[PDB]
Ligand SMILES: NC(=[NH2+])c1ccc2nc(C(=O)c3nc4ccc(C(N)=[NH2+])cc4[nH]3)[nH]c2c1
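Only one chain is shown below, in structure tokens, and it's the form solved without this ligand.
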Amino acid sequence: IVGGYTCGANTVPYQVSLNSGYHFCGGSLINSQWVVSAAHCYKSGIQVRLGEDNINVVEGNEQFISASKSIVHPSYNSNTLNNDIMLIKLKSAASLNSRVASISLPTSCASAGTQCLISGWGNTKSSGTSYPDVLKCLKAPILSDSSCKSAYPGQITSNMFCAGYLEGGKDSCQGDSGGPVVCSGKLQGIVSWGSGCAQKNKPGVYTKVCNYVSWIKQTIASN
């Protein structure tokens, strides 16, 4: 997360770390047994880490659970990053508490100019390499589709939105792929891509979760 702040420990209780010997992506807890992340975060042998703040120290609140199953969206295109969404089933149910909570699925899509919260652990620098150990946060509006498609001509589909600032400086890219974008108490986004990091007229590009709620509910209930 470039150009934000330290959330505070356990202030984003739905935030998940996907670990494969190291932290490689974020995710969101949508119920005791399921996580949603990005399809470009697909690996084998994932461990899901809940209740984290500092990913390098065991601060007491953690829950470490092996993933039993991963489901990538049937229409995921890894070239265009269209339908960049994946579902991860926990081997054992998470124990929900003050620090470990679910986030709700949208009943409807969010509109432009709606403020959202984007959280994650990744690269804080637009130029160079600096990985934070603690959860970071950014508040950013959803930009209008016009403003989005203009920044990435012929790259943006219906299943994407942009958030942040047209001037750059503040963005998420490498700053946690797969991470949540929460607007008015609902999961509206997943950190998908963005050209460079926090560049001028290069916003972040998010998977538009409200398009997928039917897929998510049908998949989860059948698996």
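One rule holds for the numbers: they count along the sequence shown, beginning at 1.
Another form exists, deposited with this ligand bound; not displayed. Remarks below refer to it.
For this ligand-free form, the site is classified blocked because this ligand, superimposed from its arrangement in the entry with it bound, has three or more atoms within 2.4 Å of the backbone and C-beta atoms. For the three residues 71, 73 and 189, a heavy atom within 4.5 Å of this ligand turns up in the entry with it bound in no case. In the entry with it bound, no heavy atom of residue 29 sits within 4.5 Å of this ligand. With a 4.5 Å cutoff on heavy atoms, residue 55 does not count as touching this ligand in the entry with it bound; it lies far away. This ligand is not shown here, and in the entry with it bound it never comes within 4.5 Å of any heavy atom of residue 35. Though the partner is left out of this view, residue 46 does not reach within 4.5 Å of this ligand in the entry with it bound, counting heavy atoms only.
Contact residues in stretch 180-195 (any heavy atom within 4.5 Å of this ligand, taken in the entry with it bound) are 191, 192, 193, 194, 195.
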